[PDB]
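Visitor: One structure, pasted below without further comment.
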Amino acid sequence: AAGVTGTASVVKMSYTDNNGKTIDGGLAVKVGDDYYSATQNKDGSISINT
Amino acid sequence: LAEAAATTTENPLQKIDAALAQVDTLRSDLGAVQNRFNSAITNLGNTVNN
Amino acid sequence: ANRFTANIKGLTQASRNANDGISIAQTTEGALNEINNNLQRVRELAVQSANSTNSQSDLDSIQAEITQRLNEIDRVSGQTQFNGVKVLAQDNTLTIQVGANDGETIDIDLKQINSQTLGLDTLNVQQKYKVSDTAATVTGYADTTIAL
Amino acid sequence: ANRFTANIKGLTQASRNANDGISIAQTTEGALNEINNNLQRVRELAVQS
């Protein structure tokens, strides 16, 4: 509906800093090279943040 | 409620430091908002006098 | 004598008008003072950020305070008003009538001041973080209104 | 003048509201401080383990 032309998947995010240390992020919906952030319902079903 | 630990917890120190990072991030936010309030109050005083 | 009285009334009211002018000048100056203090603090932070020992979390904190200061600047810019006239929201000219005749007037110029007209909206000290992702395969179920 | 009076009263009340905000911020930060101390102790013990 938002007109994003691609396939979608659900992923869990991890970040790194220039020193090589790591931290964890939330859930995001991946569309090829582009990411969107997501939340999970009480049932494991997924929604994208808006 | 705290679920019962079934096994020994690996990489504990990473997790503890992640928690420390959470805490300090929140403290930073609160300090910043305090400073904003100080500025707002100063402005209100001057405005009222004028 | 009647002419004299007319001029006397006019000049008295003109004195009142000028008083009004001083008041609005004072109000606007007062606002600008706090904006100035905010900018001082932001420069302090900018100086602090350039030190190469800062870890990226520290840059995040510094950017947090910078952003809040800028938001406060915009708040003062948008909200400040005097007798309904929003002094600092827009560029505009005011004219005060200080004599008894046409054009015996004084002008006050005013400017829109905020993060945008100061060219500081893009102020950011954050270094790029590195981004990776992993496949969170959620097996699960939920019901939909469509009937059986 | 009446309009000015309204503005003055409102701004005074707003000042007091801002004070309330500062107070709640301080309270939260203090609790966070105690929590930080506890976490430090836990990290120390984890190292010792």
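Ordered as shown in the structure tokens, chains take letters A, B, and onward, while each chain numbers its residues from 1 and ligands are numbered from 1 in the order shown.
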With the cut-off set at 10 Å and counting only C-alpha atoms, tabulate each residue of chain A with an atom at most that distance from an atom of chain B, showing the nearest atom pair and its distance in Å to one decimal, ordered by chain and increasing number, as CSV.
Guide:
```
residue,atom,partner,partner_atom,distance
A:22,CA,B:14,CA,9.5
A:23,CA,B:18,CA,7.5
A:24,CA,B:18,CA,9.0
```
Visitor: For the structure I just gave you, how does DSSP split chain B - specifically, which residues are helix (DSSP H, G or I)? Reply as a PyMOL selection string.
Guide: chain B and resi 12-49
Visitor: Within 8 Å of chain A, which residues belong to chain C? Use only C-alpha atoms and report them as a VMD selection string.
Guide: chain C and resid 56 129 to 142
Visitor: Those selected residues, please, written with N, CA and C atoms and delivered as a compact mmCIF listing (two decimals), in the first residue's frame.
Guide:
```txt
# COMPACT_ATOMS: atom_id res chain seq x y z
N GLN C 56 31.42 6.01 20.61
CA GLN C 56 30.25 6.45 19.87
C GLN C 56 29.04 6.64 20.77
N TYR C 129 27.25 4.34 12.84
CA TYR C 129 27.34 3.00 13.37
C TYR C 129 27.36 2.01 12.22
N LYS C 130 27.77 0.79 12.53
CA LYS C 130 27.81 -0.29 11.56
C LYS C 130 26.56 -1.14 11.73
N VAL C 131 25.97 -1.56 10.62
CA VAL C 131 24.66 -2.20 10.63
C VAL C 131 24.78 -3.59 10.03
N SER C 132 24.26 -4.58 10.75
CA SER C 132 24.13 -5.94 10.27
C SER C 132 22.76 -6.44 10.69
N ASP C 133 22.32 -7.56 10.11
CA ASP C 133 21.02 -8.10 10.44
C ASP C 133 21.05 -9.61 10.36
N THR C 134 20.09 -10.23 11.05
CA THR C 134 19.99 -11.68 11.14
C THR C 134 18.53 -12.08 10.98
N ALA C 135 18.31 -13.31 10.53
CA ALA C 135 16.98 -13.78 10.13
C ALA C 135 16.24 -14.27 11.37
N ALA C 136 15.27 -13.47 11.82
CA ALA C 136 14.40 -13.84 12.94
C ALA C 136 13.18 -14.55 12.38
N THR C 137 13.29 -15.86 12.25
CA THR C 137 12.21 -16.68 11.68
C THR C 137 11.22 -16.97 12.79
N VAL C 138 10.05 -16.32 12.71
CA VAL C 138 9.00 -16.48 13.70
C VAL C 138 8.01 -17.52 13.19
N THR C 139 8.06 -18.71 13.77
CA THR C 139 6.94 -19.64 13.65
C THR C 139 5.86 -19.27 14.65
N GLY C 140 4.63 -19.22 14.19
CA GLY C 140 3.53 -18.83 15.05
C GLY C 140 2.26 -18.64 14.24
N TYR C 141 1.18 -18.37 14.97
CA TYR C 141 -0.14 -18.31 14.37
C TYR C 141 -1.00 -17.27 15.07
N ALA C 142 -1.99 -16.78 14.33
CA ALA C 142 -2.99 -15.88 14.88
C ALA C 142 -4.23 -15.99 14.00
```
Visitor: Please identify all polymer residues within 9 Å of stretch 23-27 of chain B, counting only C-alpha atoms, omitting same-chain residues fewer than 3 positions from it, and present them as an mmCIF file with C-alpha atoms, in the first residue's frame.
Guide:
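And here's result-v9.cif as it stands now:
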```cif
data_model
loop_
_atom_site.group_PDB
_atom_site.id
_atom_site.type_symbol
_atom_site.label_atom_id
_atom_site.label_comp_id
_atom_site.auth_asym_id
_atom_site.auth_seq_id
_atom_site.Cartn_x
_atom_site.Cartn_y
_atom_site.Cartn_z
ATOM 1 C CA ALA B 18 24.762 -3.909 28.120
ATOM 2 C CA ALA B 19 22.571 -3.254 31.142
ATOM 3 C CA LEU B 20 24.984 -0.588 32.376
ATOM 4 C CA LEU B 30 17.000 12.890 32.146
ATOM 5 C CA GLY B 31 19.881 15.301 32.640
ATOM 6 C CA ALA B 32 19.222 16.884 29.258
ATOM 7 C CA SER C 57 27.894 6.142 22.848
ATOM 8 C CA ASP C 60 25.290 9.886 21.187
ATOM 9 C CA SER C 61 24.935 11.525 24.598
ATOM 10 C CA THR D 28 14.008 9.297 38.624
ATOM 11 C CA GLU D 29 17.724 9.958 38.309
ATOM 12 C CA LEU D 32 18.738 5.108 38.620
ATOM 13 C CA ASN D 33 21.869 5.897 40.638
ATOM 14 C CA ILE D 35 20.395 0.745 40.462
ATOM 15 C CA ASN D 36 23.743 1.546 38.859
#
```
Visitor: Which residues of chain B are close to chain C, meaning at most 7 Å apart when you count only C-alpha atoms, and how do they look as a VMD selection string?
Guide: chain B and resid 28 32 36 43 46 to 47 50
Visitor: Could you list, as a VMD selection string, every residue within 12 Å of stretch 4-10 of chain B, counting only C-alpha atoms and ignoring same-chain residues fewer than 5 positions away?
Guide: (chain B and resid 15 to 16) or (chain D and resid 46 49)
Visitor: Output C-alpha atoms for every residue in the selection just made, as a short mmCIF file (atom, residue, chain, number, x, y, z; two decimals), in the first residue's frame.
Guide:
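Result saved to selection_19.cif:
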```
data_model
loop_
_atom_site.label_atom_id
_atom_site.label_comp_id
_atom_site.auth_asym_id
_atom_site.auth_seq_id
_atom_site.Cartn_x
_atom_site.Cartn_y
_atom_site.Cartn_z
CA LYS B 15 25.12 -8.76 29.27
CA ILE B 16 25.96 -6.86 32.45
CA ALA D 46 30.66 -11.97 37.97
CA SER D 49 33.12 -16.07 39.71
#
```
Visitor: Using only C-alpha atoms, which of the listed residues (B:2, B:37, B:17, B:11) sits closest to residue D:40?
Guide: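 The shortest atom-to-atom distance to residue D:40 comes from B:17.
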Visitor: Quick one: which residues from chain D are at most 9 Å off chain B, using only C-alpha atoms, as JSON, numbers by chain?
Guide: {"D": [7, 8, 9, 11, 12, 14, 15, 16, 18, 19, 21, 22, 23, 25, 26, 28, 29, 32, 33, 35, 36, 39, 40, 42, 43, 46, 47]}
Visitor: Those residues with C-alpha atoms, as a compact mmCIF listing (two decimals), in the first residue's frame please?
Guide:
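To be explicit, this is the file written out as selection06.txt:
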```txt
# COMPACT_ATOMS: atom_id res chain seq x y z
CA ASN D 7 -0.47 36.50 30.05
CA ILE D 8 1.35 37.31 33.29
CA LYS D 9 -0.79 34.98 35.39
CA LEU D 11 3.26 32.44 32.67
CA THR D 12 3.61 32.33 36.45
CA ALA D 14 3.71 27.70 33.78
CA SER D 15 6.82 28.44 35.82
CA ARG D 16 5.48 26.33 38.66
CA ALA D 18 8.22 23.50 34.96
CA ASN D 19 9.43 23.22 38.54
CA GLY D 21 8.94 18.63 35.97
CA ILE D 22 12.43 19.24 37.33
CA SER D 23 11.47 17.52 40.57
CA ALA D 25 13.37 14.22 36.74
CA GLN D 26 15.58 14.40 39.82
CA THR D 28 14.01 9.30 38.62
CA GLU D 29 17.72 9.96 38.31
CA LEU D 32 18.74 5.11 38.62
CA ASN D 33 21.87 5.90 40.64
CA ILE D 35 20.40 0.74 40.46
CA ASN D 36 23.74 1.55 38.86
CA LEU D 39 24.81 -3.42 38.75
CA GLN D 40 28.43 -2.49 39.46
CA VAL D 42 27.01 -7.65 40.24
CA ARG D 43 29.65 -7.13 37.55
CA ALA D 46 30.66 -11.97 37.97
CA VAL D 47 34.35 -11.32 37.41
```
Visitor: Could you state the separation of atom CA of residue A:8 and atom CA of residue A:36 in Å, given to one decimal place?
Guide: 9.8 Å
Visitor: Atom CA of residue C:5 and atom CA of residue C:105, how far apart in Å?
Guide: 21.1 Å
Visitor: Show me, as a list in words, every residue of chain D with an atom at most 10 Å from chain C, counting only C-alpha atoms.
Guide: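 Every residue of chain D that passes the 10 Å test is in residues 1, 3, 4 and 7 of chain D.
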Visitor: Could you please take those selected residues and save N, CA, C and O atoms as an mmCIF file, in the first residue's frame?
Guide:
```cif
data_model
loop_
_atom_site.group_PDB
_atom_site.id
_atom_site.type_symbol
_atom_site.label_atom_id
_atom_site.label_comp_id
_atom_site.auth_asym_id
_atom_site.auth_seq_id
_atom_site.Cartn_x
_atom_site.Cartn_y
_atom_site.Cartn_z
ATOM 1 N N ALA D 1 -4.294 46.132 28.663
ATOM 2 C CA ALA D 1 -3.770 45.849 29.991
ATOM 3 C C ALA D 1 -4.334 44.545 30.535
ATOM 4 O O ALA D 1 -3.612 43.753 31.151
ATOM 5 N N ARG D 3 -5.339 41.980 28.797
ATOM 6 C CA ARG D 3 -4.663 40.916 28.065
ATOM 7 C C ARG D 3 -3.283 40.650 28.656
ATOM 8 O O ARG D 3 -2.880 39.492 28.863
ATOM 9 N N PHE D 4 -2.549 41.724 28.950
ATOM 10 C CA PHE D 4 -1.251 41.580 29.599
ATOM 11 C C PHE D 4 -1.383 40.837 30.921
ATOM 12 O O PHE D 4 -0.561 39.969 31.245
ATOM 13 N N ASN D 7 -1.744 37.123 30.399
ATOM 14 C CA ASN D 7 -0.472 36.498 30.051
ATOM 15 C C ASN D 7 0.415 36.337 31.277
ATOM 16 O O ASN D 7 1.066 35.299 31.453
#
```
